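my_file.pdb follows; it contains PDB, N, CA and C atoms.
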```pdb
ATOM      1  N   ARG A   1      61.436-171.985  -3.740  1.00  0.00           N
ATOM      2  CA  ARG A   1      61.908-173.177  -3.030  1.00  0.00           C
ATOM      3  C   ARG A   1      62.594-174.160  -3.976  1.00  0.00           C
ATOM      4  N   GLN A   2      61.925-174.518  -5.072  1.00  0.00           N
ATOM      5  CA  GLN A   2      62.546-175.401  -6.049  1.00  0.00           C
ATOM      6  C   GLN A   2      63.790-174.767  -6.643  1.00  0.00           C
ATOM      7  N   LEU A   3      63.854-173.434  -6.681  1.00  0.00           N
ATOM      8  CA  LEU A   3      65.074-172.788  -7.142  1.00  0.00           C
ATOM      9  C   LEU A   3      66.160-172.822  -6.080  1.00  0.00           C
ATOM     10  N   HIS A   4      65.799-172.837  -4.799  1.00  0.00           N
ATOM     11  CA  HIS A   4      66.808-173.065  -3.773  1.00  0.00           C
ATOM     12  C   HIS A   4      67.388-174.463  -3.919  1.00  0.00           C
ATOM     13  N   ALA A   5      66.524-175.443  -4.179  1.00  0.00           N
ATOM     14  CA  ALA A   5      67.008-176.799  -4.409  1.00  0.00           C
ATOM     15  C   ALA A   5      67.871-176.855  -5.661  1.00  0.00           C
ATOM     16  N   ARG A   6      67.402-176.230  -6.740  1.00  0.00           N
ATOM     17  CA  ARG A   6      68.128-176.217  -8.000  1.00  0.00           C
ATOM     18  C   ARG A   6      69.448-175.479  -7.880  1.00  0.00           C
ATOM     19  N   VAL A   7      69.516-174.447  -7.044  1.00  0.00           N
ATOM     20  CA  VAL A   7      70.770-173.728  -6.899  1.00  0.00           C
ATOM     21  C   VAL A   7      71.714-174.497  -5.994  1.00  0.00           C
ATOM     22  N   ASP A   8      71.189-175.141  -4.951  1.00  0.00           N
ATOM     23  CA  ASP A   8      71.970-176.134  -4.227  1.00  0.00           C
ATOM     24  C   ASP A   8      72.636-177.090  -5.201  1.00  0.00           C
ATOM     25  N   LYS A   9      71.837-177.677  -6.091  1.00  0.00           N
ATOM     26  CA  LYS A   9      72.378-178.591  -7.088  1.00  0.00           C
ATOM     27  C   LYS A   9      73.434-177.902  -7.944  1.00  0.00           C
ATOM     28  N   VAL A  10      73.032-176.890  -8.717  1.00  0.00           N
ATOM     29  CA  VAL A  10      73.929-176.284  -9.696  1.00  0.00           C
ATOM     30  C   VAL A  10      75.224-175.827  -9.043  1.00  0.00           C
ATOM     31  N   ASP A  11      75.153-175.288  -7.829  1.00  0.00           N
ATOM     32  CA  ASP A  11      76.376-174.885  -7.156  1.00  0.00           C
ATOM     33  C   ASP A  11      77.214-176.104  -6.802  1.00  0.00           C
ATOM     34  N   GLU A  12      76.566-177.165  -6.317  1.00  0.00           N
ATOM     35  CA  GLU A  12      77.276-178.396  -5.995  1.00  0.00           C
ATOM     36  C   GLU A  12      77.988-178.955  -7.216  1.00  0.00           C
ATOM     37  N   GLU A  13      77.246-179.172  -8.300  1.00  0.00           N
ATOM     38  CA  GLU A  13      77.824-179.812  -9.475  1.00  0.00           C
ATOM     39  C   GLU A  13      78.760-178.880 -10.235  1.00  0.00           C
ATOM     40  N   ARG A  14      78.600-177.565 -10.095  1.00  0.00           N
ATOM     41  CA  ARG A  14      79.584-176.672 -10.682  1.00  0.00           C
ATOM     42  C   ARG A  14      80.877-176.700  -9.903  1.00  0.00           C
ATOM     43  N   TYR A  15      80.806-176.718  -8.574  1.00  0.00           N
ATOM     44  CA  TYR A  15      82.035-176.956  -7.837  1.00  0.00           C
ATOM     45  C   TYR A  15      82.591-178.334  -8.156  1.00  0.00           C
ATOM     46  N   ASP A  16      81.721-179.289  -8.471  1.00  0.00           N
ATOM     47  CA  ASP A  16      82.192-180.596  -8.906  1.00  0.00           C
ATOM     48  C   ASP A  16      83.064-180.466 -10.144  1.00  0.00           C
ATOM     49  N   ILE A  17      82.514-179.912 -11.227  1.00  0.00           N
ATOM     50  CA  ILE A  17      83.288-179.768 -12.462  1.00  0.00           C
ATOM     51  C   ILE A  17      84.431-178.774 -12.288  1.00  0.00           C
ATOM     52  N   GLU A  18      84.294-177.834 -11.353  1.00  0.00           N
ATOM     53  CA  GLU A  18      85.361-176.883 -11.072  1.00  0.00           C
ATOM     54  C   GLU A  18      86.558-177.584 -10.459  1.00  0.00           C
ATOM     55  N   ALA A  19      86.341-178.334  -9.379  1.00  0.00           N
ATOM     56  CA  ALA A  19      87.406-179.139  -8.797  1.00  0.00           C
ATOM     57  C   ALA A  19      87.873-180.220  -9.759  1.00  0.00           C
ATOM     58  N   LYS A  20      86.996-180.674 -10.655  1.00  0.00           N
ATOM     59  CA  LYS A  20      87.397-181.599 -11.705  1.00  0.00           C
ATOM     60  C   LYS A  20      88.488-180.990 -12.563  1.00  0.00           C
ATOM     61  N   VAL A  21      88.171-179.883 -13.232  1.00  0.00           N
ATOM     62  CA  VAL A  21      89.169-179.186 -14.032  1.00  0.00           C
ATOM     63  C   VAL A  21      90.317-178.701 -13.157  1.00  0.00           C
ATOM     64  N   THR A  22      90.060-178.465 -11.869  1.00  0.00           N
ATOM     65  CA  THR A  22      91.056-177.863 -10.990  1.00  0.00           C
ATOM     66  C   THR A  22      92.143-178.857 -10.619  1.00  0.00           C
ATOM     67  N   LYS A  23      91.757-180.058 -10.211  1.00  0.00           N
ATOM     68  CA  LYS A  23      92.745-181.090  -9.955  1.00  0.00           C
ATOM     69  C   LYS A  23      93.219-181.749 -11.237  1.00  0.00           C
ATOM     70  N   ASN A  24      92.412-181.716 -12.303  1.00  0.00           N
ATOM     71  CA  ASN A  24      92.940-181.961 -13.636  1.00  0.00           C
ATOM     72  C   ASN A  24      94.122-181.057 -13.912  1.00  0.00           C
ATOM     73  N   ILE A  25      94.019-179.787 -13.522  1.00  0.00           N
ATOM     74  CA  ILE A  25      95.086-178.825 -13.764  1.00  0.00           C
ATOM     75  C   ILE A  25      96.202-178.970 -12.737  1.00  0.00           C
ATOM     76  N   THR A  26      95.880-179.371 -11.510  1.00  0.00           N
ATOM     77  CA  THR A  26      96.923-179.710 -10.549  1.00  0.00           C
ATOM     78  C   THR A  26      97.798-180.828 -11.097  1.00  0.00           C
ATOM     79  N   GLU A  27      97.171-181.930 -11.503  1.00  0.00           N
ATOM     80  CA  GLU A  27      97.882-183.018 -12.152  1.00  0.00           C
ATOM     81  C   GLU A  27      98.457-182.609 -13.498  1.00  0.00           C
ATOM     82  N   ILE A  28      97.856-181.640 -14.184  1.00  0.00           N
ATOM     83  CA  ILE A  28      98.458-181.137 -15.409  1.00  0.00           C
ATOM     84  C   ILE A  28      99.769-180.452 -15.091  1.00  0.00           C
ATOM     85  N   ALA A  29      99.754-179.523 -14.138  1.00  0.00           N
ATOM     86  CA  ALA A  29     100.988-178.968 -13.606  1.00  0.00           C
ATOM     87  C   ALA A  29     101.990-180.073 -13.327  1.00  0.00           C
ATOM     88  N   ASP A  30     101.595-181.049 -12.510  1.00  0.00           N
ATOM     89  CA  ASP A  30     102.517-182.087 -12.056  1.00  0.00           C
ATOM     90  C   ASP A  30     103.087-182.888 -13.227  1.00  0.00           C
ATOM     91  N   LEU A  31     102.210-183.536 -13.993  1.00  0.00           N
ATOM     92  CA  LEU A  31     102.634-184.350 -15.124  1.00  0.00           C
ATOM     93  C   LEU A  31     103.399-183.519 -16.140  1.00  0.00           C
ATOM     94  N   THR A  32     103.006-182.261 -16.332  1.00  0.00           N
ATOM     95  CA  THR A  32     103.731-181.404 -17.254  1.00  0.00           C
ATOM     96  C   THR A  32     105.122-181.103 -16.736  1.00  0.00           C
ATOM     97  N   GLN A  33     105.287-180.927 -15.423  1.00  0.00           N
ATOM     98  CA  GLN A  33     106.646-180.782 -14.914  1.00  0.00           C
ATOM     99  C   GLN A  33     107.443-182.052 -15.154  1.00  0.00           C
ATOM    100  N   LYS A  34     106.826-183.215 -14.942  1.00  0.00           N
ATOM    101  CA  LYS A  34     107.515-184.469 -15.246  1.00  0.00           C
ATOM    102  C   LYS A  34     107.939-184.523 -16.709  1.00  0.00           C
ATOM    103  N   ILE A  35     107.055-184.085 -17.603  1.00  0.00           N
ATOM    104  CA  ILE A  35     107.346-184.116 -19.030  1.00  0.00           C
ATOM    105  C   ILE A  35     108.404-183.082 -19.382  1.00  0.00           C
ATOM    106  N   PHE A  36     108.335-181.897 -18.771  1.00  0.00           N
ATOM    107  CA  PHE A  36     109.406-180.918 -18.915  1.00  0.00           C
ATOM    108  C   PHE A  36     110.733-181.550 -18.558  1.00  0.00           C
ATOM    109  N   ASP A  37     110.803-182.182 -17.387  1.00  0.00           N
ATOM    110  CA  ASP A  37     112.048-182.792 -16.938  1.00  0.00           C
ATOM    111  C   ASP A  37     112.542-183.829 -17.934  1.00  0.00           C
ATOM    112  N   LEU A  38     111.703-184.812 -18.251  1.00  0.00           N
ATOM    113  CA  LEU A  38     112.120-185.887 -19.146  1.00  0.00           C
ATOM    114  C   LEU A  38     112.508-185.339 -20.515  1.00  0.00           C
ATOM    115  N   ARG A  39     111.546-184.719 -21.202  1.00  0.00           N
ATOM    116  CA  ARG A  39     111.806-184.112 -22.499  1.00  0.00           C
ATOM    117  C   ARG A  39     113.011-183.189 -22.461  1.00  0.00           C
ATOM    118  N   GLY A  40     113.284-182.565 -21.320  1.00  0.00           N
ATOM    119  CA  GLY A  40     114.359-181.607 -21.216  1.00  0.00           C
ATOM    120  C   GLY A  40     115.709-182.263 -21.099  1.00  0.00           C
ATOM    121  N   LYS A  41     115.847-183.208 -20.167  1.00  0.00           N
ATOM    122  CA  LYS A  41     117.016-184.079 -20.130  1.00  0.00           C
ATOM    123  C   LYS A  41     117.306-184.544 -21.544  1.00  0.00           C
ATOM    124  N   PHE A  42     116.242-184.753 -22.315  1.00  0.00           N
ATOM    125  CA  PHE A  42     116.427-185.077 -23.723  1.00  0.00           C
ATOM    126  C   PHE A  42     116.919-183.857 -24.508  1.00  0.00           C
ATOM    127  N   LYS A  43     116.418-182.659 -24.184  1.00  0.00           N
ATOM    128  CA  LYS A  43     116.700-181.475 -24.996  1.00  0.00           C
ATOM    129  C   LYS A  43     117.207-180.259 -24.226  1.00  0.00           C
ATOM    130  N   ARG A  44     116.719-180.031 -23.005  1.00  0.00           N
ATOM    131  CA  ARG A  44     116.849-178.695 -22.423  1.00  0.00           C
ATOM    132  C   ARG A  44     118.300-178.316 -22.151  1.00  0.00           C
ATOM    133  N   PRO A  45     119.112-179.172 -21.519  1.00  0.00           N
ATOM    134  CA  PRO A  45     120.558-178.909 -21.515  1.00  0.00           C
ATOM    135  C   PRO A  45     121.120-178.675 -22.899  1.00  0.00           C
ATOM    136  N   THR A  46     120.671-179.433 -23.898  1.00  0.00           N
ATOM    137  CA  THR A  46     121.070-179.228 -25.281  1.00  0.00           C
ATOM    138  C   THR A  46     120.277-178.109 -25.944  1.00  0.00           C
ATOM    139  N   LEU A  47     119.499-177.361 -25.166  1.00  0.00           N
ATOM    140  CA  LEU A  47     118.662-176.280 -25.673  1.00  0.00           C
ATOM    141  C   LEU A  47     119.232-174.981 -25.119  1.00  0.00           C
ATOM    142  N   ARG A  48     120.244-174.454 -25.803  1.00  0.00           N
ATOM    143  CA  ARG A  48     121.013-173.296 -25.365  1.00  0.00           C
ATOM    144  C   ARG A  48     121.938-172.916 -26.514  1.00  0.00           C
ATOM    145  N   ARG A  49     122.311-171.641 -26.559  1.00  0.00           N
ATOM    146  CA  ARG A  49     123.246-171.147 -27.560  1.00  0.00           C
ATOM    147  C   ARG A  49     124.587-170.889 -26.890  1.00  0.00           C
ATOM    148  N   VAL A  50     125.622-171.540 -27.403  1.00  0.00           N
ATOM    149  CA  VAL A  50     126.983-171.433 -26.896  1.00  0.00           C
ATOM    150  C   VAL A  50     127.867-171.103 -28.089  1.00  0.00           C
ATOM    151  N   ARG A  51     129.188-171.137 -27.899  1.00  0.00           N
ATOM    152  CA  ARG A  51     130.182-170.883 -28.953  1.00  0.00           C
ATOM    153  C   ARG A  51     129.830-169.639 -29.770  1.00  0.00           C
ATOM    154  N   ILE A  52     129.256-168.651 -29.087  1.00  0.00           N
ATOM    155  CA  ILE A  52     128.845-167.423 -29.758  1.00  0.00           C
ATOM    156  C   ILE A  52     130.053-166.723 -30.368  1.00  0.00           C
ATOM    157  N   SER A  53     131.099-166.513 -29.567  1.00  0.00           N
ATOM    158  CA  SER A  53     132.333-165.889 -30.035  1.00  0.00           C
ATOM    159  C   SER A  53     133.556-166.770 -29.802  1.00  0.00           C
ATOM    160  N   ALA A  54     133.372-167.923 -29.150  1.00  0.00           N
ATOM    161  CA  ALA A  54     134.448-168.899 -29.037  1.00  0.00           C
ATOM    162  C   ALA A  54     134.929-169.343 -30.408  1.00  0.00           C
ATOM    163  N   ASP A  55     134.052-169.292 -31.405  1.00  0.00           N
ATOM    164  CA  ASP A  55     134.430-169.506 -32.791  1.00  0.00           C
ATOM    165  C   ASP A  55     135.018-168.256 -33.439  1.00  0.00           C
ATOM    166  N   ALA A  56     135.367-167.229 -32.649  1.00  0.00           N
ATOM    167  CA  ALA A  56     135.865-165.981 -33.207  1.00  0.00           C
ATOM    168  C   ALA A  56     137.037-165.350 -32.459  1.00  0.00           C
ATOM    169  N   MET A  57     137.444-165.880 -31.305  1.00  0.00           N
ATOM    170  CA  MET A  57     138.604-165.339 -30.582  1.00  0.00           C
ATOM    171  C   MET A  57     139.918-166.026 -30.967  1.00  0.00           C
TER     172      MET A  57
ATOM    173  N   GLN B   1      32.966-212.781  51.066  1.00  0.00           N
ATOM    174  CA  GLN B   1      34.293-213.313  50.821  1.00  0.00           C
ATOM    175  C   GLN B   1      34.720-213.297  49.345  1.00  0.00           C
ATOM    176  N   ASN B   2      33.863-212.779  48.452  1.00  0.00           N
ATOM    177  CA  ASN B   2      34.098-212.704  47.006  1.00  0.00           C
ATOM    178  C   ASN B   2      34.168-214.073  46.315  1.00  0.00           C
ATOM    179  N   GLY B   3      87.771-188.117   9.229  1.00  0.00           N
ATOM    180  CA  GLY B   3      88.510-187.624  10.376  1.00  0.00           C
ATOM    181  C   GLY B   3      88.929-186.173  10.237  1.00  0.00           C
ATOM    182  N   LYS B   4      87.991-185.265  10.507  1.00  0.00           N
ATOM    183  CA  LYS B   4      88.209-183.823  10.385  1.00  0.00           C
ATOM    184  C   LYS B   4      88.637-183.456   8.962  1.00  0.00           C
ATOM    185  N   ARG B   5      87.755-183.766   8.013  1.00  0.00           N
ATOM    186  CA  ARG B   5      87.964-183.461   6.603  1.00  0.00           C
ATOM    187  C   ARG B   5      86.883-182.547   6.035  1.00  0.00           C
ATOM    188  N   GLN B   6      86.334-181.638   6.836  1.00  0.00           N
ATOM    189  CA  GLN B   6      85.141-180.892   6.453  1.00  0.00           C
ATOM    190  C   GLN B   6      85.418-179.452   6.025  1.00  0.00           C
ATOM    191  N   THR B   7      86.682-179.041   5.907  1.00  0.00           N
ATOM    192  CA  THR B   7      86.980-177.631   5.655  1.00  0.00           C
ATOM    193  C   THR B   7      86.546-177.202   4.255  1.00  0.00           C
ATOM    194  N   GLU B   8      87.159-177.789   3.224  1.00  0.00           N
ATOM    195  CA  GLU B   8      86.769-177.454   1.859  1.00  0.00           C
ATOM    196  C   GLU B   8      85.318-177.823   1.598  1.00  0.00           C
ATOM    197  N   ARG B   9      84.815-178.849   2.284  1.00  0.00           N
ATOM    198  CA  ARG B   9      83.430-179.256   2.090  1.00  0.00           C
ATOM    199  C   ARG B   9      82.470-178.176   2.568  1.00  0.00           C
ATOM    200  N   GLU B  10      82.672-177.669   3.787  1.00  0.00           N
ATOM    201  CA  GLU B  10      81.816-176.590   4.267  1.00  0.00           C
ATOM    202  C   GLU B  10      82.043-175.317   3.470  1.00  0.00           C
ATOM    203  N   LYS B  11      83.249-175.128   2.935  1.00  0.00           N
ATOM    204  CA  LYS B  11      83.487-173.995   2.051  1.00  0.00           C
ATOM    205  C   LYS B  11      82.610-174.092   0.805  1.00  0.00           C
ATOM    206  N   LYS B  12      82.654-175.239   0.126  1.00  0.00           N
ATOM    207  CA  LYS B  12      81.793-175.453  -1.032  1.00  0.00           C
ATOM    208  C   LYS B  12      80.320-175.379  -0.646  1.00  0.00           C
ATOM    209  N   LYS B  13      79.979-175.820   0.565  1.00  0.00           N
ATOM    210  CA  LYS B  13      78.594-175.758   1.021  1.00  0.00           C
ATOM    211  C   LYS B  13      78.127-174.318   1.185  1.00  0.00           C
ATOM    212  N   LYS B  14      78.950-173.472   1.805  1.00  0.00           N
ATOM    213  CA  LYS B  14      78.589-172.066   1.919  1.00  0.00           C
ATOM    214  C   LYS B  14      78.570-171.398   0.553  1.00  0.00           C
TER     215      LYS B  14
END
```
Transcribe the structure of this file into structure tokens.
Amino acid sequence: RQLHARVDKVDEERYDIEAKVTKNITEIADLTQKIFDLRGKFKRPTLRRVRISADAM
Amino acid sequence: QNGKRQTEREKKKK
């Protein structure tokens, strides 16, 4: 019986920390996409190799 | 003479 109570608890609080890390990761996805965008506008268009043979024709 | 927000909750509950 006390283990049913304890498993009620542990399952509850594990789903707690699970959804914690889970929406932490949802927002990580989100904020990381924001950072990709910003940092990229800073670099990503400028992050490419061009003039490969334009310097040779 | 004398407001219907119980889906994930019940999922976690099960």
> Any chance you could work out the residue set of the PyMOL selection byres ((chain A) within 8 of (chain B)) here, as a ChimeraX atom specification?
Replying inline: /A:11-12,15
> So how far away is CA of residue 23 in chain A from CA of residue 9 in chain A, in Å?
Replying inline: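 These two atoms are separated by 20.7 Å.
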>> Could you go through chain B and tell me which residues DSSP, when run on the backbone, assigns to helix (DSSP H, G or I), listing them as a PyMOL selection string?
In response: chain B and resi 7-13
What are the centre and edge lengths in Å, to one decimal, of the axis-aligned box around all listed atoms of range 13-23 of chain A with 3 Å added on each side, as AutoDock Vina command-line options?
```
--center_x 85.2 --center_y -179.2 --center_z -10.9 --size_x 22.0 --size_y 11.1 --size_z 12.2
```
> Suppose you want the space between atom C of residue 26 in chain A and atom N of residue 42 in chain A; what is it in Å?
Replying inline: 21.9 Å
> Rounded to one decimal in Å, what is the spacing between CA of residue 18 in chain A and CA of residue 4 in chain A?
Replying inline: 20.3 Å
